[PDB]
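Below is one structure, written out as structure tokens, with a few remarks after it.
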Amino acid sequence: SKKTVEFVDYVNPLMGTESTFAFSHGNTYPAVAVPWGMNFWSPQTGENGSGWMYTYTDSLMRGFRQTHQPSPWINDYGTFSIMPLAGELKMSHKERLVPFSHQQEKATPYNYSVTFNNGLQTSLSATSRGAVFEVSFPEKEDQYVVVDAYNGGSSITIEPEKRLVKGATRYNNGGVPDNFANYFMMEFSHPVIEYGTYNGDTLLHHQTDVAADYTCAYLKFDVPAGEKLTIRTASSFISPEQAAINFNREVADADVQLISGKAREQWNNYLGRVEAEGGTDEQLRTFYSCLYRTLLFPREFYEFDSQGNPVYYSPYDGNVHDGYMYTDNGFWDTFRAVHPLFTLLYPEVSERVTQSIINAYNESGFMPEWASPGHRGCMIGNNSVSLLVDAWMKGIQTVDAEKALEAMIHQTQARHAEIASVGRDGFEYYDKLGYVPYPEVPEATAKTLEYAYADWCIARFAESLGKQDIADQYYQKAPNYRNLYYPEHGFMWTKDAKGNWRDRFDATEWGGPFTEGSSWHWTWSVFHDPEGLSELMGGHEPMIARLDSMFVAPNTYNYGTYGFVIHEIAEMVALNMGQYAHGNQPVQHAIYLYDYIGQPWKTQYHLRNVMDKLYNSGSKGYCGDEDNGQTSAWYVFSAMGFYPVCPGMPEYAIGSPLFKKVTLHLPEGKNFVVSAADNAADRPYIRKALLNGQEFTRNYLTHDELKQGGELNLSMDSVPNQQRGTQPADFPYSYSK
Amino acid sequence: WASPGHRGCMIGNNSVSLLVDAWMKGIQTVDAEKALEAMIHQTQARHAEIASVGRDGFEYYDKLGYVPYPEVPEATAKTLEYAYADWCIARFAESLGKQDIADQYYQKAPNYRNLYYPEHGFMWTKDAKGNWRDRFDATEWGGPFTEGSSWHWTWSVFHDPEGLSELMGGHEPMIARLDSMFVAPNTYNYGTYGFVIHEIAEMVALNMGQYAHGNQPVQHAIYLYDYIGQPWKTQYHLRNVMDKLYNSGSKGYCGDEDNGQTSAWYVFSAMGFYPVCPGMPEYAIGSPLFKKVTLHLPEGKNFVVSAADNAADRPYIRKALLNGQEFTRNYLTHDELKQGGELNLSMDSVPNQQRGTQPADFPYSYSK
Ligand code: NA
Ligand code: NA
């Protein structure tokens with residue numbers, strides 16, 4: 001039903017725009033899009049070529065980009081920009097610098113609007129594959145639009161009499177076939193009075209066709225006072241003909257108001273699949289902003305042909321195929337919570353994503369791990385397997401079982417000749433030794449830990465097909481994490497190919513056999529077997545103590561006499577020293593581990609503390625020094641009250657919900673409610689629970705329990721209930737249990 | 001190091017810098033041939049007992065392009081100091097018309113590149129066989145470094161900021177790394193309960209020591225934004241440092257005064273400009289502390305830096321006139337000062353991101 005404040009109204013696309021470390025994979029741009037849209041749009045302040053496309057502290061705008069960028073370091077491909085200008089014409093991105101104030105900027109998912117200091121106003125709204133702009137030019141100043149087709153070998157053609165511009169952009173950062181291009185077209189509402197092209201060296205007036213390394217074109221207008229210029233645009237990865245089909249289907253005849261309303265409706269539809277009630281405006285903004293961020297990637301990479309059928313340009317083999325393709329995703333990051341969120345609330349997406357993984361395998365020989373748009377060398381692991389198996393175990397079964405199994409096994413028994421992250425780096429050593437050795441293989445221990453998990457997923461998959469021999473082969477590798485636990489030191493470490501432990505153990509030392517972390521983080525990377533990890537650590541007791549040594553309260557000695565303001569200044573210190581590296585991948589699940597070892601109240605306390613202290617909805621809203629936006633799905637799940645600790649096992653460990661109520665609108669008209677009528681900032685603890693009206697003491701919900709609809713009714717309290725959730729029957733899955 | 005005669009202390013051949021910086025500014029009171037002989041000898045010889053007199057490890061340096069560790073103590077710091085002295089000698093020889101000698105020394109000016117560890121993005125160390133020392137650690141003091149770690153010493157390339165940015169991946173990455181050194185502290189959501197809790201938080205960041213003010217190899221670092229397109233950041237951060245890291249009381253400095261050096265940084269920075277690279281007669285512009293400074297130079301010439309609307313929260317240069325003409329360069333030459341005149345600055349509470357961002361505006365780099 002219509003509401004005064006709709007879910008999309010809570011979204012701030014600039015949340016955490018100042019929260020990201022320069023040398024991380026976190027994006028900072030206010031994406032204008034529809035969910036999973038093939039093309040995104042954004043303001044651009046950075047130079048062409050810079051992954052730092054939009055920098056909040058920069059006050060000069062250069063263009064509005066059609067972008068696909070999933071990380072500043074992965075960078076962009078198939079990108080061009082459009083830039084309206086008043087007064088003086090400037091062609092090169094190096095010279096198009098127009099001052100604006102954030103006070104005259106309004107960024108939302110369905111429309112970005114900005115008014116420059118010179119009074120020129122523009123806004124744009126996106127469809128899946130196109131966009132529409134309005135431009136209001138200042139009176140009595142020259143009126144231009146510049147189209148920038150980027151460098152790397154581009155072309156632009158102007159047809160002034162038809163008010164059309166078409167072109168091809170080929171800029172990319174690798175991972176593309178030899179015939180790669182994005183074919184674009186745009187239409188202007190008003191007569192093109194003058195026009196010209198630029199080839200990176202010379203501005204050529206009256207010329208209408210240009211091709212060079214770097215190309216731009218300008219159009220000059222004479223829009224009458226009171227009127228606005230509309231620009232309609234769409235692109236395709238298939239051909240100029242398909243770009244025109246996309247244009248005609250999605251943006252032809254539209255003004256920005258039409259596209260804006262449609263995108264707003266789409267966002268409200270998709271965001272509204274989880275309805276949060278009974279929270280502050282700040283909490284609602286944080287939640288829906290994180291959810292918006294979560295519904296952007298991976299992007300759909302398919303298009304609908306003249307017959308309305310889905311087709312795609314393959315970024316793996318460069319041919320056009322029937323069916324579905326997605327891209328722009330690092331599974332090493334997104335298997336943990338983003339794809340699990342899809343399997344629950346957006347399973348129609350997982351249905352197509354899983355098919356696309358197999359398609360990429362058919363087209364290239366390997367499943368992707370980091371793709372943008374094709375195979376890119378980045379990060380580690382075989383988490384492609386997790387997406388397939390997690391979905392399969394939740395009843396999302398669109399791929400052929402035998403083909404999927406073959407692909408999974410191959411991913412663990414081969415590696416790309418050039419790209420270490422494609423397939424399994426070090427598989428020969430791992431199969432022989434039970435671990436990947438360092439310094440023989442970079443990041444060996446983090447790899448071993450990721451591989452033991454992927455092998456557990458493959459065992460689970462094979463077992464569910466009745467292929468018990470293959471399952472037992474893979475279950476034999478599931479405990480390989482144990483092979484790197486250094487008993488004298490009580491942490492994961494590394495060995496060379498001869499079995500010698502690396503000299504001078506140091507739990508805090510980054511790099512080497514570890515990835516983006518140290519043993520302090522990577523020791524927790526055993527989410528398929530928390531019970532087996534506790535065994536290594538000497539039992540539930542020692543494990544609880546080590547978790548406690550990550551989330552411990554600040555020490556204020558006798559200084560708290562100055563007030564409660566003392567414990568706040570004191571809490572900063574632990575976070576700044578980084579005892580808990582919120583966002584660090586191998587410990588994203590760690591707060592939930594208390595659910596497995598008998599003290600769920602600690603999960604409840606710490607989770608609620610993190611949600612309150614490390615998030616807000618503003619420009620620095622991903623507060624964790626180690627959080628560069630990657631915890632968006634983590635926040636959505638955690639606010640709802642539960643989290644997929646081990647994808648591939650259809651279970652969600654229970655934390656503590658943020659709102660008085662969330663309602664999940666699931667397939668086939670089923671609704672699942674988590675109600676917490678007496679929830680409050682100082683009432684993080686679950687005293688009692690009813691599941692569908694029956695006393696409920698388990699520390700997890702199954703996917704089936706959610707999917708069938710119903711209600712988890714929680715009685716929240718300010719003190720923990722130490723008699724609840726402490727029995728072995730209450731604990732979620734472990735391989736060794 | 002002299003007190004009163006030769007004393008074994010510290011490193012480098014910066015005697016050469018005193019001679020060359022003065023010479024290139026027109027101070028020429030020594031025999032040119034004798035000075036060149038002495039400079040060359042300083043790089044080709046070492047005192048039998050005192051490591052800091054002459055060039056410790058010169059044999060290795062000339063052969064390998066760097067001083068190796070553990071063969072020579074403090075090898076990486078020495079290499080970086082030597083690359084700069086060699087650049088100075090090249091400048092001197094060139095000005096005398098000795099182009100061959102100049103070219104031989106200019107070939108050594110880029111030796112700083114030989115210790116940049118690409119995998120890690122910091123200066124590090126190699127042994128004589130060319131093997132990187134195991135267990136890289138950017139914050140590890142001692143060994144191949146002195147009075148600092150790679151974190152500090154990575155910035156010790158005053159004769160070639162452009163070439164340093166090249167190693168780092170360009171202007172933007174170098175900006176990003178400077179920004180992290182000078183970043184204001186993270187206050188999470190604690191900003192609500194109190195304030196300036198941000199001020200208190202700043203003191204913690206300084207206790208931690210992200211930017212080691214006074215630490216020699218990074219003294220110039222705040223001025224580097226002048227070389228890479230964002231002078232407004234130099235302006236903001238310099239003024240912050242001058243306000244927060246100095247006072248006139250008994251605990252007035254953040255570290256050793258050092259024979260006028262920490263003191264001289266403050267004097268230059270308060271006047272509005274700083275000699276990033278002695279031996280090159282120019283001064284990178286920062287942001288003046290006062291509404292006016294007048295320098296009384298030789299031959300009755302006076303140079304004025306005026307900033308009539310200067311104030312504590314107006315650290316930025318909106319606009320400048322040099323001797324009445326629009327001025328956008330991020331440096332003044334020694335000749336511009338010496339001849340007398342005025343740099344008239346319009347100060348502002350917000351940065352002017354359109355000013356001083358062009359290649360023509362950047363000061364000297366050997367690589368440019
Ligand atoms: Na952050
Ligand atoms: Na705004």
Side-chain angles (χ1 to χ4, degrees), chain A residues 8-32 42-43 45 52 54-61 64 71-73 98-105 107-117 119-125 260 281 285-286 289-290 293-294 333 516-517 521 571-572 574-576 578 580-585 587-588 610-635 638, chain B residues 176 179-180 184-191 201 205 350:
Chain A
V8 74
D9 295 327
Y10 290 116
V11 174
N12 178 14
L14 290 171
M15 171 176 164
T17 194
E18 296 186 277
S19 275
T20 84
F21 181 52
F23 298 91
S24 78
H25 286 289
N27 265 336
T28 64
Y29 66 88
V32 177
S42 176
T45 62
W52 296 312
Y54 175 95
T55 292
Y56 187 80
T57 52
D58 286 335
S59 62
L60 298 172
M61 192 85 67
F64 300 87
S71 141
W73 290 96
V98 185
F100 71 100
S101 170
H102 293 294
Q103 279 181 285
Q104 281 287 343
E105 174 194 51
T108 74
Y110 58 87
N111 187 84
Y112 178 94
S113 176
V114 65
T115 303
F116 298 94
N117 290 359
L120 183 149
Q121 180 274 336
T122 186
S123 80
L124 60 150
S125 288
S260 178
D281 287 344
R285 292 187 304 246
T286 305
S289 298
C290 290
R293 193 178 177 123
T294 301
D333 271 312
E516 299 269 284
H521 319 283
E571 211 177 25
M572 282 199 198
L575 294 160
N576 287 334
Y580 175 49
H582 184 64
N584 191 112
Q585 284 77 4
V587 294
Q588 284 175 7
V610 165
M611 292 201 280
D612 285 348
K613 283 152 173 181
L614 296 189
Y615 289 90
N616 64 68
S617 72
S619 62
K620 304 174 191 185
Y622 288 100
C623 309
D625 283 342
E626 211 103 325
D627 189 352
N628 302 116
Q630 73 274 14
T631 68
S632 69
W634 185 98
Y635 184 96
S638 295
Chain B
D179 282 351
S180 76
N186 190 352
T187 59
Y188 308 84
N189 294 141
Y190 303 107
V350 296

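Order of the sequence lines sets the chain letters (A, B, ...), proteins ahead of strands, with each chain counted from 1. What you see below is based on every heavy atom in this structure, not just the backbone, and it leaves out hydrogens, waters and symmetry mates. Ligands are counted one by one from 1 in listed order, and the atoms in each one are counted from 1 as well.
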>> Could you report the tightest heavy-atom contact between A/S617 and A/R285, atom names first, then the distance?
In response: OG-NE, 3.3 Å

>> The test is ring-ring contact (aromatic ring centres under 6.0 Å, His included); show your working for A/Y635 and A/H582 and say whether it passes.
In response: CA-CA 11 Å; A/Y635 184 96; A/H582 184 64; 9.2 Å; no

>> How close do A/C623 and B/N186 get, counting heavy atoms only, and between which atoms?
In response: O-ND2, 2.8 Å

>> Minimum heavy-atom separation for A/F64 and A/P43, please, with both atom names.
In response: CD2-CA, 3.9 Å

> What is the name of the N/O/S atom in A/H102 that sits closest to the Na ion (ligand 2)?
Replying inline: O

>> So, of the N/O/S atoms that A/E105 has, which is the nearest one to the Na ion (ligand 2)?
In response: O

> Looking at A/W73, A/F21, A/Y29, which hits ring pair (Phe, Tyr, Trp, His ring centres under 6.0 Å) with A/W52?
Replying inline: A/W73

> Which N, O or S atoms belonging to the protein are less than 3.0 Å from the Na ion (ligand 1)?
Replying inline: A/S19 O, A/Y622 O, A/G624 O, A/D627 O

>> Going by side chain to side chain donor-acceptor pair (under 3.5 Å), name the residues that satisfy it together with A/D627, two or more places apart in sequence or in a different chain.
In response: A/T631

>> Would A/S632 and A/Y622 count as a side chain to side chain contact (heavy atoms under 4.5 Å, CB included) here? Give the steps.
In response: CA-CA 9 Å; A/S632 69; A/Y622 288 100; 3.4 Å; yes

